[PDB]
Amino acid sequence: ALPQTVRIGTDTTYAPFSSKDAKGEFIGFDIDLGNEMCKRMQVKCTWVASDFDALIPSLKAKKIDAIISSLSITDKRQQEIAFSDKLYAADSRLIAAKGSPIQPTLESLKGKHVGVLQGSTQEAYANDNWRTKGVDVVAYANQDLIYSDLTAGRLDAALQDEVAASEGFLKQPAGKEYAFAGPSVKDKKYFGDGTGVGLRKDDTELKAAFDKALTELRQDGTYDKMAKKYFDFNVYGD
């Protein structure tokens, strides 16, 4: 008894995984994976755009049935929702102006302005580690606003998923004068282990269907065909 229509929420501001083209069509690797899996599940899927922090609220309120929005599988989210198996990996990394002295350390960030997406794992991390000790951490409704404030010079740095920053901004015309600032920030407690489809705990049948379709499209080479459309590296990880 899978549903006839599955409503999938995504934030649409996190290129190359989820965004809108010029006609307003939903595009990105997450969109591709979600439609490929829907097809294999033999269900209809509708995509619903939402701010990222309203997604897990909307899932529990049954406004949507699934989240595919580079949602990191963390210990803390697992207490509220369920996840499919890993769709791809995601480390976090800071970006700042090319030739910035900035490092991801309190010492370097004290009194700087750091943007983070509200509701993300980066916001939780920065609020605990940097905001309490006086780094001016600013939370934003969506990641696009962060890039704009950054190029505007309202922010000194931003913390987000490394591949989103690299392909969605640094390799774009607007990110030409910016670069990664220090190495990836690793913290098991905050960033979880890769991303997956977020689902209500009680929707067991739906989790099994997504996991099965994911196994199948990975086994027949589709995952790699789809990922070579965006990445020249192993996006899945281990």
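All residue numbers refer to positions in the sequence shown, first residue = 1.
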property: Residue range whose averaged C-alpha B-factor is higher in the record, 6 to 14 or 219 to 227; result: 219 to 227
property: Per the entry, higher mean C-alpha B factor between 185 to 193 and 55 to 63; result: 185 to 193
property: Identity of residue with top Cα B-factor, from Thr121, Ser108, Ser84, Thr132; result: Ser108
property: Third of the chain, ranked by Cα B-factor, where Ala164 sits; result: lowest
property: CA B-factor placement of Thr204, once the chain's modelled residues are sorted into thirds; result: highest
property: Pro104 by Cα B-factor - lowest, middle or highest third of the modelled chain; result: middle
property: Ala96, C-alpha B-factor rank within chain (lowest, middle or highest third); result: middle
property: Assigned third (lowest, middle, highest) for the C-alpha B factor of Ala213; result: middle
